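J.: Experimental coordinates for this protein are included below, preceded by the sequence.
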Amino acid sequence: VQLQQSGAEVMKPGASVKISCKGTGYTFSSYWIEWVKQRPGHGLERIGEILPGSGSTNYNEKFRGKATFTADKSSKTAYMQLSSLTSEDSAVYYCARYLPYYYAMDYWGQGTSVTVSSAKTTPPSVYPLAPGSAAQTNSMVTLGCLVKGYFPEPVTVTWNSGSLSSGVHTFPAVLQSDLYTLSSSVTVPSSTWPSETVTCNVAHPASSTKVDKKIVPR
Amino acid sequence: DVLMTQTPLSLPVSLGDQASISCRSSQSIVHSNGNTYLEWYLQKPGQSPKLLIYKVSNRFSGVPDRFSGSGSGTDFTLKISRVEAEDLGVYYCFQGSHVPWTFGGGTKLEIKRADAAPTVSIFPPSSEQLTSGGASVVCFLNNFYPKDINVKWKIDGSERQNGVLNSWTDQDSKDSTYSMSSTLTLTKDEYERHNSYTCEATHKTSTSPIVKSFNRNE
Amino acid sequence: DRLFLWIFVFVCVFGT
Amino acid sequence: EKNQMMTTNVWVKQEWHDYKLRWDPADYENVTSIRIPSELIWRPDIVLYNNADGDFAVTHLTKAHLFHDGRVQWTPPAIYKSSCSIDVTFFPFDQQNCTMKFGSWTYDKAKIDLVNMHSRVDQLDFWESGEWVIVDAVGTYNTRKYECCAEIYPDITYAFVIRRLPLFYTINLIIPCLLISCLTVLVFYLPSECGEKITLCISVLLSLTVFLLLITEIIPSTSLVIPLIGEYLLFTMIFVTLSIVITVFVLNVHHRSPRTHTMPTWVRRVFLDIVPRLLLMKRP
Amino acid sequence: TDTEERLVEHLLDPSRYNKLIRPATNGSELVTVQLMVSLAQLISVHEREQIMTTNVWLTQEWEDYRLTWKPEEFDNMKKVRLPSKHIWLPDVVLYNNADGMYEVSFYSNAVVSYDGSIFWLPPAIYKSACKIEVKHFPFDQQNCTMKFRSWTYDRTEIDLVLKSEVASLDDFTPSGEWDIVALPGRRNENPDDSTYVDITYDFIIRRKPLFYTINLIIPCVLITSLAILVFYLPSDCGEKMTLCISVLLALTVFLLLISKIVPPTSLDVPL
Amino acid sequence: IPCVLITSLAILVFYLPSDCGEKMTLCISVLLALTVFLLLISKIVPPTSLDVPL
Amino acid sequence: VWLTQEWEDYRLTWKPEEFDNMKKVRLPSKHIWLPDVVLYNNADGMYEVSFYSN
Ligand SMILES: *[C@@H]1O[C@H](CO)[C@@H](O[C@@H]2O[C@H](CO)[C@@H](O[C@@H]3O[C@H](CO)[C@@H](O)[C@H](O[C@H]4O[C@H](CO)[C@@H](O)[C@H](O)[C@@H]4O)[C@@H]3O)[C@H](O)[C@H]2NC(C)=O)[C@H](O)[C@H]1NC(C)=O
Ligand SMILES: *[C@@H]1O[C@H](CO)[C@@H](O)[C@H](O)[C@H]1NC(C)=O
Ligand SMILES: *[C@@H]1O[C@H](CO)[C@@H](O)[C@H](O)[C@H]1NC(C)=O
Ligand SMILES: CC(=O)OCC[N+](C)(C)C
């Protein structure tokens, strides 16, 4: 069996989005479809369920009136339509099988990330950083690579053909006011930093952008 | 809606240790037929959840035998005999007895080990930042443990809280440590007016906060 | 009958 | 309406061609058509899909009319008990829509195809009932695919729109209920010294409850919609129960004396100065 | 067509086809029958006599080596429709029926593939006895089962098999009084018998309570709320007896009606 | 249980004062309720004359 | 009910070795001699069994 969900979405606040879950390899009409919301922060929340066979649907108190379930029997697809969107609705939505009181929710969808924001597509703005001038130089020193003013996710940062993969600590993106960013620092020997060349890459498949800015000593 | 509470919110336990997660219900979730419909789901990072235990006395197919469960009408617990690296993730308790059905709060699982001191670093802006007209100040803390970490943006005798970013990294695999990259975005009109920039960070390993600072005047 | 009114109100409340 | 079934007496007119049952009337004394038992020849297996406590297929098996050019005409009778969802929001002024779905059971569209003999159900020999009127009865041709089978199966679905004639239930339920409802407010104009307020309000409540129960023996036990008459009866029952509570309270207030009660000053002021004046009722 | 009628005559020729003999070769091999229930409507649940009425399509599939032919010898025909009354059938019946109607309603044709595969999908109106749980009426949830067995051949001759783990709802019409929850099927054997096999379907159904709430529960609460008023009624009005006797009458009537609807049996009494 | 409850009220009429003006209501109601239950029981049992239910 | 019935019909014997060691077969009850055993004290006038199985 297999549950296939629709692709990622990006909608402005106040709009409505309809994401679909399509199942195959089993009797679609005889299994409930459970909808689960996972806010990026933490926690799993059950929006509700629908039985495609009949029209029966259930909703959690927190989502009553916010979401509506519909199912198509000809094509093995179930839809969830989200009402007026807000920034709080940005999360990953999962669809899963379920037969109450018997074998329960053993197959899940891939996940359909939804982003709500008024911003538009923006390419990365990588600003490489180097150790401060006023700082003692020891055997070990970190590196600096920054990306900011980009939208939407994801952005991949790597070195020159993976020159130095291990020892890096890439951090999750965060919003300042309207756009995301990213940070990544890696440690290289002080005898290698000025001698060997180290650079961080940036890739924005959504914006079809790729940048390569080397960092040099101050 | 029946509310389900999980304790502890986190459970650091080294490899091979006994792990106990308890889920408690706001009401009895026993069913007439004789079975109690409680389920435990594990979601490793970047993956959809998986079914581990259903009808706690029972267990799903394809899961290691170490997992087990037990409980009564209102108290339930899950036990892991021997913990391993692949067992890291988040565990949720799901009740399938009273409509609507609700998930648990989620109990993240960590592996404990010898705590290591942070390797703090501060990176001033770059030339491209000056040309653009910004001031990207980033403070780095790499390979530290445990989460008892706090960073303070003390600048030239003044502590700045507005515009302070928080972003840490999940426990790694090779090192099983944490990291964090807080930033303070400044403007050219204000970046030059101040002289001394310091990043005060405190950790359990070294009770006295570690100091790393530089001065603009050079 | 006031005493019995008290008693019956109590029992009717418990009937909930 | 209670069991959501419709019983009809119909003639299932069928007509097809058989290539083997052909002859030249010149070779048989100008015999142009015969009548033969319908069980000696091939027939289509048309069945009622939404059967409910009836027969899925035709069982009488009357004789078929066979013509010399191969045409076969078969018009057997059938009694059908189909399922149809009943809507009683406006009962007894309600209009129902009961459908009948007919199709071949084991032949797909590539082997047997249906043709509307006529869009409108024939009513030239209809026997009027006196309870319903057939507003409209049209057959629609549909094709759809089932999970059993890889081929398309056609069907003709007949939608019977029937309107109830309301006089009977009007007289026997609606107007008695209105007459009872006319009495729900009288208890407040009855003097407290008559000693008959409780009789009146209790009788009204019990009669309303009996009529609600009588109504419940007709309508289907479905939770999708609530009849308007049922809602009106329930709300009238609630307000009559409230009036009984108020009547007990008023009777208690009326029989009060200085030997058992003291009148608060605020009670005196309110109910002897303001409310009497607001109601346009002035003490002597 | 001439070829089709030639093939039909050849396949059903009673000289070389006996419909009363199991199509088992090699001596004492078993015939596997695939089974699958499809629900079209839940016509009614009658709590009083504990009977469920359903309109189901009972898919049956098996192999008959005597109904084989070579397509090249018959104009390249791949399948044919044979009347199910003139071929061997597995006597699969609803074993836990009520009123004694074991069999199917229609007896449609069977679709026969050239390789010998039989496909049979006859409609049926079934009545099955199921225990009713009245304790939580009108918020009750029933568990009514359908048991399917061959009453002629034991497990040594035909083995029943489930085509799917659930009953199908691909062509269902929603009830309007009962909500469908789950329709799982299971294949059962008896470890102490060795000749017993059946396939059972559980219909977990949930009652939609609005109708009986509005029409029974609220009036009951209204009448119960008047039970206390008698003690606030002054003794001078001369109406205490009327009130209390009328309340007792109404309560007795409602008890009798509810008992007519949902009988209190020994195991459980409705709350 | 309904029959026992009704029959327990048979003697109450003799403790009811003549001034309350409600003896007839109680005794008539008791009689009619008993008659109704007797009729219901008659509907339940077969209409045979070999013996009377206790 | 199931009305279990058993008797001997000497005319329905065979040697198993001549028939591939078959020990029993199913014959349609309509085609063999049956003892016509029925319920005499029935009401509604139904005497025989429901299906006439093998
Ligand atoms: C609807 O009614 C049907 C019929 O009554 C009912 O089916 C029964 O369900 C029970 C519960 O699952 C079955 O009993 C179980 O059978 C399994 C299979 O062998 C056993 O493994 C079970 O024992 C284990 O599990 C128990 C619970 O975890 C433990 O307590 C026990 O110690 C074992 O670990 C248990 O015996 C029973 O076999 C079926 N009966 C039939 C005829 O199918 C169904 O459950 C009802 N459904 C609802 C929703 O009410
Ligand atoms: C044959 O009979 C029909 C009546 O069915 C008549 O109309 C027709 O003229 C006749 N023809 C001949 C040649 O007798
Ligand atoms: C009656 O119902 C059928 C099927 O639901 C629908 O096609 C038709 O439009 C309906 N007619 C009316 C008048 O409601
Ligand atoms: C082939 C066969 O028996 O089909 C029956 C079901 N139907 C009418 C939906 C196709």
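T.: Nice, thanks for sending it over. Residues are numbered from 1 along each chain as shown, chains lettered A, B, ... in the order given. Ligands and ions are numbered 1, 2, ... in the order given.
J.: How about the residue sitting nearest the centre point of chain B, nearest residue that isn't a chain neighbour?
T.: Taking CA atoms, centre = their mean, the centroid of chain B lies closest to residue B:170, which sits 6.3 Å from it. Excluding its sequence neighbours, the residue lying closest to residue B:170 (CB to CB, 6 or more residues apart in numbering or on different chains) is residue B:45, at 6.4 Å. Placement of C-beta: from N, CA and C, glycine included.
J.: Distance of the one you found relative to chain E?
T.: Spatial separation of residue B:45 from chain E under the definition CB to the nearest CB, to the nearest Å is 32 Å.
J.: Just give me the neighbour total for that residue.
T.: One way to gauge burial is a neighbour count; for residue B:45, by other CB atoms under 10 Å in any protein chain shown, it gives 9.
J.: swap in the one 4 residues further on?
T.: Look at residue B:49: counted by other CB under 10 Å, it has 22 neighbours.
J.: Contacts only, for it.
T.: Neighbouring residues of residue B:49 by CB atoms under 8 Å, 6 or more residues apart in numbering or on different chains: A:44, A:94, A:108, B:41-43, B:92.
J.: check contacts around the nearest residue to residue E:81 once chain neighbours are set aside.
T.: Using CB to CB, 6+ apart and skipping residues adjacent in sequence, the residue nearest residue E:81 is residue E:109, 4.3 Å away. When the contact criterion is CB under 8 Å, 6+ apart, the partners of residue E:109 are D:45, D:105-106, E:81-84.
J.: same thing with residue D:57?
T.: D:45-48, E:106.
J.: got it, and residue A:173?
T.: With contact taken as CB under 8 Å, 6+ apart, residue A:173 is in contact with A:153, A:155, A:180-182, B:167.
J.: Can you report how many residues neighbour residue B:218?
T.: Look at residue B:218: counted by other CB under 10 Å, it has 8 neighbours.
J.: That one: what secondary structure?
T.: Assigned with DSSP: H, G, I helix; E, B strand; the rest coil, residue B:218 falls in the coil class.
J.: my guess is it contacts residue A:134, does it?
T.: Yes: if you go by CB atoms under 8 Å, residue B:218 and residue A:134 touch, sitting 6.5 Å apart.
J.: For chain F, state which of the contacts of residue D:57 is nearest.
T.: For chain F, the closest of the contacts of residue D:57 turns out to be residue D:48, at 39.0 Å, with distances computed as CB to the nearest CB.
J.: from what I can see that closest one touches residue D:79, true?
T.: No: proximity of residue D:48 to residue D:79 does not meet the contact threshold set by CB under 8 Å, at 10.8 Å.
J.: and the lengthiest helix in chain B, how far out from the chain's middle?
T.: Secondary structure assigned by DSSP state H gives helix B:127-132 as the longest helix of chain B. From the chain centre to the centre of helix B:127-132 is a distance of 35 Å (CA atoms, centre = their mean, to the nearest Å).
J.: so what strands line up beside the helix or strand following that helix?
T.: Of the helices and strands lying after helix B:127-132 in sequence (DSSP states H and E), the nearest is strand B:134-144. Strands that pair with strand B:134-144, judged by DSSP bridges, come out as strand B:119-123 (antiparallel), strand B:178-187 (antiparallel).
J.: show me what contacts residue A:92?
T.: Contacts of residue A:92 (CB under 8 Å, 6+ apart): A:37-38, A:40, A:111-114.
J.: Closest one of those residues to residue D:137?
T.: Of all those, residue A:112 has the smallest distance to residue D:137: 46.9 Å, by CB to CB.
J.: separation between that closest one and chain G?
T.: Computed with CB to the nearest CB, the distance linking residue A:112 and chain G is 56 Å.
J.: Please list the residues of the stretch 151-284 of chain D that sit near chain E.
T.: On the criterion CB under 8 Å from any CB of the partner chain, chain E has as its neighbours in the stretch 151-284 of chain D the residues D:192, D:195, D:197-199, D:202, D:206, D:209, D:212-213, D:216, D:220-224, D:226, D:230, D:234, D:237-238, D:241, D:244-245, D:248-249, D:251-252, D:254-255.
J.: So which residues on chain A come close to ligand 1?
T.: By the rule CB under 6 Å from any ligand atom, the part of chain A lying against ligand 1 is residue A:101.
J.: Check the secondary structure at the residue nearest in space to the middle of chain A for me.
T.: In chain A, the C-alpha nearest the mean C-alpha coordinate belongs to residue A:113, at 5.9 Å (CA atoms, centre = their mean). Classification of residue A:113 by three-state DSSP places it in strand.
J.: What sits closest to residue A:28 if chain neighbours are left out?
T.: With CB to CB, 6+ apart as the criterion, residue A:28 has its nearest non-adjacent residue at 4.0 Å, and that residue is residue A:76.
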